Amino acid sequence: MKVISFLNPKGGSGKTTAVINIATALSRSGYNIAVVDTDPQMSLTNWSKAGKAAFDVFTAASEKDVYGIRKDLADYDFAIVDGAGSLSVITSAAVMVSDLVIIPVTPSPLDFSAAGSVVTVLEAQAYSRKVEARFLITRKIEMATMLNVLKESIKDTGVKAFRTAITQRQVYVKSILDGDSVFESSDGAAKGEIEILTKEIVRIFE
Ligand SMILES: Nc1ncnc2c1ncn2[C@@H]1O[C@H](COP(=O)(O)OP(=O)(O)O)[C@@H](O)[C@H]1O
Ligand SMILES: [Mg+2]
């Protein structure tokens, strides 16, 4: 089993949106997926109350639930962790049990510092214990042609970003409100980037 966490204390960085759609993409590909919500607000948990998730959902009530992830979800192929809104104990717990940490970050030059705070935690571990990490660019508006500012900031951390960025689309907002994913919509563009993005994630473990 492999553990993937989507971490960034910054609210609205796209963690939950990414988790739902990527978890769905993985399930569609034949993987056995479990998603663990560690957010006190339980956005993902509530979303799953509609009962339309193509994967199993779990709600971490404390850091202890995150520690036992490798034992409790050993039967799954991937356990995907949806992050919280602060660099608390629950966040550190997520880092420690992860095989891969994905840092959703938008092109906002003012909000990059939040994503960088997660890198600081990751960079604290020894090389022999270093967790694999990637930036995932999210909420990128369609008219964006070249994000050199974001590129420089990312380059400065040393952590690589996925090639595929999650674009800003209302379908991402509507689907979650209906308790579904983009794979239940008619937006073929949204489904496309999520599919290619997922392939990149998989390739990391293959
Ligand atoms: N790719 C996107 N396209 C359009 N709106 C988005 C996108 N990602 C996030 N949002 C909007 O911003 C909110 C924050 O996303 P959410 O996944 O809950 O973030 P985190 O999980 O960062 O708090 C959503 O409820 C939605 O309104
Ligand atoms: Mg969230």
# chains A, B, ... in the order shown; residues from 1 in each chain; ligands from 1
$ closest_atom_pairs --of "chain A" --to "ligand 1" --cutoff "6 Å" --atoms "only C-alpha atoms and all ligand atoms" --output "CSV"
residue,atom,partner,partner_atom_place_in_ligand_line,distance
A:11,CA,ligand 1,23 (O),4.0
A:12,CA,ligand 1,22 (O),3.3
A:13,CA,ligand 1,22 (O),3.5
A:14,CA,ligand 1,19 (O),3.6
A:15,CA,ligand 1,21 (O),3.6
A:16,CA,ligand 1,17 (O),3.7
A:17,CA,ligand 1,17 (O),3.6
A:138,CA,ligand 1,1 (N),5.7
A:139,CA,ligand 1,1 (N),4.2
A:166,CA,ligand 1,1 (N),5.3
A:167,CA,ligand 1,1 (N),4.9
A:168,CA,ligand 1,3 (N),3.3
A:169,CA,ligand 1,3 (N),4.0
A:170,CA,ligand 1,4 (C),5.1
A:172,CA,ligand 1,3 (N),5.0
A:173,CA,ligand 1,26 (C),4.8
$ write_last_selection --atoms "N, CA and C atoms" --output "CSV table (one decimal), in the first residue's frame"
chain,number,residue,atom,x,y,z
A,11,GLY,N,-6.0,27.6,3.1
A,11,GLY,CA,-7.4,27.2,2.7
A,11,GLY,C,-7.6,27.7,1.3
A,12,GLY,N,-8.3,26.8,0.5
A,12,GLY,CA,-8.6,27.2,-0.9
A,12,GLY,C,-7.4,26.9,-1.8
A,13,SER,N,-6.5,26.1,-1.4
A,13,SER,CA,-5.3,25.8,-2.2
A,13,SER,C,-5.7,24.6,-3.2
A,14,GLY,N,-6.9,24.1,-3.0
A,14,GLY,CA,-7.4,23.0,-3.8
A,14,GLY,C,-7.1,21.6,-3.4
A,15,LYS,N,-6.8,21.4,-2.1
A,15,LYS,CA,-6.5,20.0,-1.6
A,15,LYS,C,-7.7,19.1,-1.8
A,16,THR,N,-8.8,19.4,-1.2
A,16,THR,CA,-10.0,18.5,-1.3
A,16,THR,C,-10.5,18.3,-2.7
A,17,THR,N,-10.5,19.3,-3.6
A,17,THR,CA,-10.9,19.2,-5.0
A,17,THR,C,-9.9,18.2,-5.7
A,138,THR,N,-2.6,24.3,-9.0
A,138,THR,CA,-4.0,24.3,-9.0
A,138,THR,C,-4.7,25.7,-9.2
A,139,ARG,N,-5.9,25.7,-9.6
A,139,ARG,CA,-6.7,26.9,-9.8
A,139,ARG,C,-6.0,27.8,-10.8
A,166,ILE,N,-4.1,21.7,-12.5
A,166,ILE,CA,-5.5,21.7,-12.4
A,166,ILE,C,-6.0,23.1,-12.8
A,167,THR,N,-6.8,23.2,-13.8
A,167,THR,CA,-7.3,24.5,-14.3
A,167,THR,C,-8.5,25.0,-13.5
A,168,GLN,N,-8.8,26.3,-13.5
A,168,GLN,CA,-9.9,26.9,-12.8
A,168,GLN,C,-11.1,26.6,-13.7
A,169,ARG,N,-12.1,25.9,-13.2
A,169,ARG,CA,-13.3,25.6,-14.0
A,169,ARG,C,-14.5,25.5,-13.0
A,170,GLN,N,-15.6,26.0,-13.4
A,170,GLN,CA,-16.8,25.9,-12.5
A,170,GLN,C,-17.2,24.4,-12.2
A,172,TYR,N,-15.5,22.1,-11.4
A,172,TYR,CA,-14.8,21.7,-10.1
A,172,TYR,C,-15.7,22.1,-8.9
A,173,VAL,N,-16.3,23.3,-9.0
A,173,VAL,CA,-17.1,23.8,-8.0
A,173,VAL,C,-18.5,23.1,-7.9
$ residues_near_ligand --ligand "ligand 2" --cutoff "12 Å" --atoms "only C-alpha atoms and all ligand atoms" --output "PyMOL selection string"
chain A and resi 5-20+36-47+81-86+104+176
$ select_by_dssp --residues "region 28-204 of chain A" --states "strand (DSSP E or B)" --output "number ranges by chain"
A: 33-37, 56-59, 78-82, 100-105, 132-137, 140, 161, 167
$ atom_distance --atom1 "CA of residue 135 (chain A)" --atom2 "CA of residue 105 (chain A)"
6.8 Å
$ atom_distance --atom1 "CA of residue 97 (chain A)" --atom2 "CA of residue 75 (chain A)"
15.7 Å
$ closest_residue --among "A:60, A:101, A:74, A:35" --to "residue 21 (chain A)" --atoms "only C-alpha atoms"
A:35
$ select_by_dssp --residues "region 61-163 of chain A" --states "helix (DSSP H, G or I)" --output "ChimeraX atom specification"
/A:63-67,69-72,89-97,112-122,127-129,148-157
$ write_last_selection --atoms "C-alpha atoms" --output "CSV table (one decimal), in the first residue's frame"
chain,number,residue,atom,x,y,z
A,63,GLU,CA,-3.5,12.3,14.9
A,64,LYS,CA,-3.7,8.7,16.3
A,65,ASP,CA,-6.0,7.8,13.4
A,66,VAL,CA,-3.4,8.9,10.9
A,67,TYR,CA,-0.6,6.9,12.6
A,69,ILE,CA,-3.2,4.3,8.5
A,70,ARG,CA,-0.5,1.8,7.4
A,71,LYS,CA,-2.1,-0.9,9.6
A,72,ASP,CA,-5.8,-0.1,9.1
A,89,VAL,CA,0.3,17.7,14.9
A,90,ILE,CA,-2.2,16.2,12.5
A,91,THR,CA,-0.2,17.7,9.6
A,92,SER,CA,3.1,16.4,10.9
A,93,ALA,CA,1.4,13.0,11.3
A,94,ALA,CA,0.4,13.0,7.6
A,95,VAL,CA,4.0,13.8,6.6
A,96,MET,CA,5.4,10.9,8.7
A,97,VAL,CA,3.1,8.2,7.2
A,112,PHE,CA,3.2,30.7,-2.1
A,113,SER,CA,4.7,31.1,1.4
A,114,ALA,CA,2.1,28.6,2.7
A,115,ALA,CA,3.1,25.9,0.3
A,116,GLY,CA,6.8,26.7,1.1
A,117,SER,CA,6.1,26.1,4.8
A,118,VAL,CA,5.3,22.5,4.0
A,119,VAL,CA,8.6,22.1,2.1
A,120,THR,CA,10.4,23.4,5.2
A,121,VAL,CA,8.9,20.5,7.3
A,122,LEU,CA,9.8,18.0,4.6
A,127,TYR,CA,18.1,12.1,3.2
A,128,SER,CA,17.7,8.4,4.1
A,129,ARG,CA,14.2,9.1,5.4
A,148,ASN,CA,7.5,32.5,-14.6
A,149,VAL,CA,7.0,33.9,-11.1
A,150,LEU,CA,5.5,30.7,-9.8
A,151,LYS,CA,8.2,28.7,-11.7
A,152,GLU,CA,11.0,30.6,-10.0
A,153,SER,CA,9.5,30.2,-6.6
A,154,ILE,CA,9.1,26.4,-7.1
A,155,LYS,CA,12.6,26.2,-8.6
A,156,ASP,CA,14.0,27.9,-5.5
A,157,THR,CA,12.7,25.1,-3.2
$ residues_around --residues "residue 192 (chain A)" --least-positions-apart "3" --cutoff "12 Å" --atoms "only C-alpha atoms" --output "PyMOL selection string"
chain A and resi 21-22+25+164-167+182-183+185-189+195-199
$ write_last_selection --atoms "C-alpha atoms" --output "PDB file, in the first residue's frame"
ATOM      1  CA  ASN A  21     -11.042  13.805  -8.549  1.00  0.00           C
ATOM      2  CA  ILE A  22      -7.652  12.045  -8.428  1.00  0.00           C
ATOM      3  CA  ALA A  25      -9.426   8.640 -11.442  1.00  0.00           C
ATOM      4  CA  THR A 164      -0.230  18.871 -15.515  1.00  0.00           C
ATOM      5  CA  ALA A 165      -1.960  21.725 -13.669  1.00  0.00           C
ATOM      6  CA  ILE A 166      -5.540  21.684 -12.417  1.00  0.00           C
ATOM      7  CA  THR A 167      -7.326  24.487 -14.271  1.00  0.00           C
ATOM      8  CA  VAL A 182     -15.740  15.768 -12.692  1.00  0.00           C
ATOM      9  CA  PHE A 183     -16.045  12.271 -14.120  1.00  0.00           C
ATOM     10  CA  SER A 185     -19.968  15.811 -15.610  1.00  0.00           C
ATOM     11  CA  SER A 186     -19.830  16.542 -19.331  1.00  0.00           C
ATOM     12  CA  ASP A 187     -16.654  18.629 -19.079  1.00  0.00           C
ATOM     13  CA  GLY A 188     -14.217  16.532 -21.100  1.00  0.00           C
ATOM     14  CA  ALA A 189     -11.440  19.055 -20.527  1.00  0.00           C
ATOM     15  CA  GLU A 195      -6.452  11.694 -16.120  1.00  0.00           C
ATOM     16  CA  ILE A 196      -3.035  12.812 -17.336  1.00  0.00           C
ATOM     17  CA  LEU A 197      -2.207  14.176 -13.878  1.00  0.00           C
ATOM     18  CA  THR A 198      -3.109  10.837 -12.292  1.00  0.00           C
ATOM     19  CA  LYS A 199      -0.871   8.973 -14.738  1.00  0.00           C
TER      20      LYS A 199
END
$ atom_distance --atom1 "CA of residue 4 (chain A)" --atom2 "CA of residue 56 (chain A)"
15.0 Å
